[PDB]
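Enquirer: experimental coordinates follow, after the sequence.
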Amino acid sequence: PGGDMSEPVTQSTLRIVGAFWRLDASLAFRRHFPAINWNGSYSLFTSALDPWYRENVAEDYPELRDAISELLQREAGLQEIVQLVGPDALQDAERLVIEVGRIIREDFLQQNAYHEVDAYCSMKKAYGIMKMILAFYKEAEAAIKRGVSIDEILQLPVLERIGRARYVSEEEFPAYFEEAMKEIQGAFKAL
Amino acid sequence: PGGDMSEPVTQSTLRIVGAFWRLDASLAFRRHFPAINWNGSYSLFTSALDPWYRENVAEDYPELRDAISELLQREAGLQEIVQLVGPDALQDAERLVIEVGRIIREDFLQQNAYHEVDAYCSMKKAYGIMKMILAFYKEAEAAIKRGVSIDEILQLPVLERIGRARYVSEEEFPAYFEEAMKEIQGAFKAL
Amino acid sequence: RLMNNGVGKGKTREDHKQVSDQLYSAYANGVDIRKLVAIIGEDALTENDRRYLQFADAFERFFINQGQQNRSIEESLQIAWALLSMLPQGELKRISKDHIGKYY
Amino acid sequence: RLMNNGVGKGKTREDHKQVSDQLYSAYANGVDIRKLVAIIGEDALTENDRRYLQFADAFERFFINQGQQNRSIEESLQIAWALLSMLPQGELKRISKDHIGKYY
Amino acid sequence: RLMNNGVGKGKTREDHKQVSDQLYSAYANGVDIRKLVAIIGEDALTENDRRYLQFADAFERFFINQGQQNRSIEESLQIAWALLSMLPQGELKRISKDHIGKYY
Amino acid sequence: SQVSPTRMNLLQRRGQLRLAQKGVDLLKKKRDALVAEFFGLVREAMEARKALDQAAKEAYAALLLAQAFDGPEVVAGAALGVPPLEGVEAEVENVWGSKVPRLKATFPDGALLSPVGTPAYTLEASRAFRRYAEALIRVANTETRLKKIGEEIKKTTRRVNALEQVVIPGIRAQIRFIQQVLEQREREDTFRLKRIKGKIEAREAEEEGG
């Protein structure tokens, strides 16, 4: 009834049940949904899910997800320093990440409950989206190390394809995803 | 007791009120009766006093006065940036505004109320010095627009003349009015 | 709350759904750099980000200000696109490709 | 709160009432300056300041300190005038002309 | 707080004392660098200290991870040592020379 | 516009300090490094330049031997024969806030270029340029770096100051304000609650009856 999670009736829920999600307030004023703080939240159930996931979904999924949290929860690591001296003077393995992740919440964390489609997904679809980004991180990491810069990479057309991306439906989805699977390796080595 | 707007007695005289005229501790240190804080006010009749205004005072009053609020409004907004940089690395034409504003205080604040010059002051005497300063702005505005340094207007004695603005006994007010009106558009037309 | 009802579907122009969240989100995005600016410098922003701050003052000033002068659903919208105009395309992800060009 | 009575001629001496504010107004312009050393430069200042600087020191450890020796109201004002002395006489707005040459 | 009357030279292994105040104070020194490297790049780290970055990685990745592996006080002290070898010697000046002369 | 409210925020705004305080703790010992590197530049600057100027000038006035106006001649007769204009390389290096370029401008610039032997003083004098031009470049490029990094050094310590004693003692000053009010809240809580007990007992003292 406040916002102070300190208040008893709320808190008593935690530490009586597991799987806590918190829904940030200042997130949402902007415009996302059903955005949550994942720097508040925490589930417990997440290890005993591993069997079913392995088999049903993909055999390498939990590894591929932890690397997403690898950026995602680490990203605050830089966030703070941004607000201590701007994005200025954070150089390039620096501003790599910032931006990667920028997109990670701009596109992997915001659905709707009103967009006509794209508001429900299967794992295997979602799973897909998620593999792309990893790649993009990987090759970018090797982009700057090689001698070029993110600066233009951002302003590549191929970023926006990763952008709008979620919108296509399932039917197309396989092949959509396959098309970017070509587009990557060429669109790095070239430039 | 807080001197803080918080206790109920301040909140409750705020819904059965007309206007507000909040003071402020901080100014009180650097002595300015009244510690009226021109960022802490609001009338609620300057939308219904205009009839008697532009009929008796002048006709140059419902406008010319307000265009001074815009001055002093903007004096705030710059101050931050001044202390964020200095009264230095600005655009030159700006550093005008900072001591225009200064004068809106030198001769439009204080007025002890204990010195036999304050103790009734008419709209006429008011409006009087209010309008002089308005001019002064535009005049310098052209001076430095041409390219003279903003410095240059500052040493001019015509400011010194205006610093006695509130030191003219009431009767002989039109004595400095027009007189110095010309000393302004006159002397300052040297450069 | 009740808004996803009665809008656009022969009830307003089809552009509405995507209008709002974009224009919305821009401004959100907007004032945000109002802060980061006032700390680091007077600017140090990139020429991408410049365009953002330029729209700040704008948004508030033109559009949200209004006379007694009434408006219509359509004339409003017009203006609306005009403030989306200033940001360059490829920055508006929240709108979809057709609608954007439809009335750019 | 008072200090408008128990002042001037026929009571005290004609100059409390005057030199009152002067010093006040003097000290003020010190402190402002002492900020701006600390955030821009030590010769990025006018020299119209170097006197108020040193006037602030005089008013500082010269004047305020008084040891466990006494002073007397005369002696006070006496050295009050010394306090002023450093400043040029074209800046001392708050003082009637007659006293200005009656002391220095 | 109470742990002095723990591990001892004639109680359970001698050198432990000093291992403890090693890896601690060593550690914190490196966790700064891991942040400040974000502001100046890595092209401005001296040699000795550049290694104090790498220390952290091997410490964090392997040393405090321990999955389901059980260990023991003796096997554990060894590991530690090894990692300390990564930074330059003759420097870990909390620990006494003797021990280093028997382990590395 | 708004005074920060009355609960929730204690923890958040304390962690404002945790971030800030630790951030500004360390921002200094960020900066300590750059102050070291300033010294590296500081030694190096004038060394040879001052040296090879001085035998440059040797010949400069000496070469007037009867060349008092064949300086003129020689510059006419021989000049524009080793590159004398253009060769600026604008350089990027760490620059904070709104960016800044530095640079070295180096391109060929001093030797013989006259056809054959021709006067002697000429050749010798032009040889001084070798020793001049070149040397004048070192101080042109070290002394400008030095002052720029100077500003930075200062500018950093500037923030240091503000942060170190503007933010901290203020946002501190907010936090207390939360505390005392969060606390005052509950004094009344109890006092109010107290009275409830009084009722229960007074009330049931006459459910003893009789």
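Expert: That came through fine. Numbering: from 1, shown residues only, chains lettered A, B, ... in the order given.

Enquirer: for the residue sitting nearest the centre point of chain C, helix, strand, or coil?
Expert: Nearest to the mean C-alpha position of chain C, counting by C-alpha atoms, centre = their mean, stands residue C:23 at 2.7 Å. Per DSSP: H, G, I helix; E, B strand; the rest coil, the secondary structure class of residue C:23 is helix.

Enquirer: tell me who's in contact with it.
Expert: Residues in contact with residue C:23 (C-beta atoms under 8 Å, 6 or more residues apart in numbering or on different chains) are C:80, C:83, C:84. C-beta: built from backbone N, CA, C; applies to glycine.

Enquirer: check residue F:133 too.
Expert: Here residue F:133 is in contact with F:109, F:110 (C-beta under 8 Å, 6+ apart).

Enquirer: how close does the spatially most central residue of chain A sit to residue C:48?
Expert: The centroid of chain A falls nearest to residue A:104 when counting by C-alpha atoms, centre = their mean (3.2 Å). Separation of residue A:104 from residue C:48 (C-beta to C-beta, to the nearest Å) stands at 19 Å.

Enquirer: just residue F:141 next, same as before
Expert: Residue F:141 is 33 Å from residue C:48, where distance means C-beta to C-beta.

Enquirer: higher neighbour count, those two?
Expert: residue F:141 (18 against 13; other C-beta atoms under 10 Å in any protein chain shown).

Enquirer: so that one makes contact with residue F:104?
Expert: Yes: with contact defined as C-beta atoms under 8 Å, residue F:141 reaches residue F:104; the gap is 4.7 Å.

Enquirer: burial check on the closest residue to residue A:173 other than its chain neighbours, number of neighbours?
Expert: Among residues not flanking residue A:173 along the chain, residue A:125 sits closest, at 5.3 Å (C-beta to C-beta, 6 or more residues apart in numbering or on different chains). Using other C-beta under 10 Å, residue A:125 has 19 other residues around it.

Enquirer: can you give me the strands for chain F?
Expert: F:88-91, F:102-105 (DSSP state E).

Enquirer: what about the helices in chain F?
Expert: F:9-44, F:47-62, F:71-77, F:120-162, F:168-204 (DSSP state H).

Enquirer: which one of these is the most hemmed in?
Expert: Counting by mean count of other C-beta atoms under 10 Å in any protein chain shown, helix F:120-162 has the highest mean neighbour count of these, with a mean of 16.

Enquirer: distance between it and the chain's centre?
Expert: Relative to the centre of its chain, helix F:120-162 is centred 18 Å away, using C-alpha atoms, centre = their mean, to the nearest Å.

Enquirer: what of stretch F:158-169?
Expert: Stretch F:158-169 sits 17 Å away from the centroid of its parent chain (C-alpha atoms, centre = their mean).

Enquirer: report whether it contacts chain C.
Expert: No: on the criterion C-beta under 8 Å from any C-beta of the partner chain, stretch F:158-169 is out of touch with chain C, staying 9.4 Å away.

Enquirer: repeat for stretch F:97-113
Expert: Yes: judged by C-beta under 8 Å from any C-beta, stretch F:97-113 and chain C are in contact via F:97, F:98, F:99.

Enquirer: before we move on, the earlier item: dump the strands of chain F into JSON lines; add mean neighbour count as well.
Expert: Shown next, in JSON lines, are the strands of chain F (neighbours: other C-beta atoms under 10 Å in any protein chain shown):
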{"stretch": "strand F:88-91", "mean neighbour count": "11"}
{"stretch": "strand F:102-105", "mean neighbour count": "14"}
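
Enquirer: which of those sits closest to chain D?
Expert: The closest of those to chain D is strand F:102-105. By C-beta to the nearest C-beta, the value is 22.4 Å.

Enquirer: hmm, who's touching the lengthiest helix in chain A?
Expert: Across chain A, the longest stretch assigned as helix under DSSP H is helix A:123-146. Helix A:123-146 is contacted by residues A:56-58, A:61, A:64-65, A:67-68, A:71, A:92-93, A:96, A:100, A:103-104, A:107-108, A:149-150, A:153, A:162, A:165-166, A:170, A:173, A:177, A:180, A:184-185, A:188 when judged by C-beta under 8 Å, 6+ apart.

Enquirer: now, those that are in helices?
Expert: A:56, A:61, A:64-65, A:67-68, A:71, A:92-93, A:96, A:100, A:103-104, A:107, A:150, A:153, A:162, A:173, A:177, A:180, A:184-185, A:188.

Enquirer: list only buried entries from those residues.
Expert: For these, a burial check counting by 16 or more other C-beta atoms under 10 Å in any protein chain shown picks out A:61, A:68, A:71, A:93, A:96, A:100, A:103-104, A:107, A:150, A:153, A:162, A:173, A:177, A:180, A:184, A:188.

Enquirer: give me every residue in chain F lying close to chain B.
Expert: Taking C-beta under 8 Å from any C-beta as the contact definition, chain F meets chain B at residue F:3.

Enquirer: wait, residue F:114 touches residue F:121, no?
Expert: No: the criterion here is C-beta under 8 Å, and residue F:114 misses it with residue F:121 at 11.6 Å.

Enquirer: shared neighbours of those two, anything?
Expert: Common neighbours of residue F:114 and residue F:121, counting by C-beta under 8 Å, 6+ apart, are absent.

Enquirer: now residue C:26: how far from chain D?
Expert: From residue C:26 across to chain D, the span is 35 Å (C-beta to the nearest C-beta, to the nearest Å).

Enquirer: report the contact partners of that residue.
Expert: Going by C-beta under 8 Å, 6+ apart, residue C:26 touches C:52, C:55, C:59, C:84, C:87, C:92.

Enquirer: point me to the residue of chain F nearest chain B.
Expert: Nearest residue of chain F to chain B, counting by C-beta to the nearest C-beta: residue F:3, 6.9 Å away.

Enquirer: right, and that residue touches residue B:4 too?
Expert: Yes: using C-beta under 8 Å, residue F:3 makes contact with residue B:4 at a distance of 7.4 Å.

Enquirer: the residue nearest to the spatial centre of chain F and residue F:79: what is the separation?
Expert: Nearest residue to the geometric centre of chain F (C-alpha atoms, centre = their mean): residue F:152, 1.0 Å. Going from residue F:152 to residue F:79 by C-beta to C-beta gives 41 Å.

Enquirer: just residue C:40 next, same as before
Expert: Distance, residue C:40 to residue F:79, by C-beta to C-beta: 50 Å.

Enquirer: neighbour count winner among these two?
Expert: Taking neighbours as other C-beta under 10 Å, residue C:40 and residue F:79 compare with residue C:40 leading, 23 against 12.

Enquirer: show me what contacts the nearest residue to the more buried one once chain neighbours are set aside?
Expert: Among residues not flanking residue C:40 along the chain, residue A:86 sits closest, at 3.8 Å (C-beta to C-beta, 6+ apart). Residue A:86 sits next to C:36, C:39, C:40, C:41, C:44 when contact means C-beta under 8 Å, 6+ apart.

Enquirer: mind running it again at 7 Å?
Expert: C:36, C:40, C:44 (C-beta atoms under 7 Å, 6 or more residues apart in numbering or on different chains).
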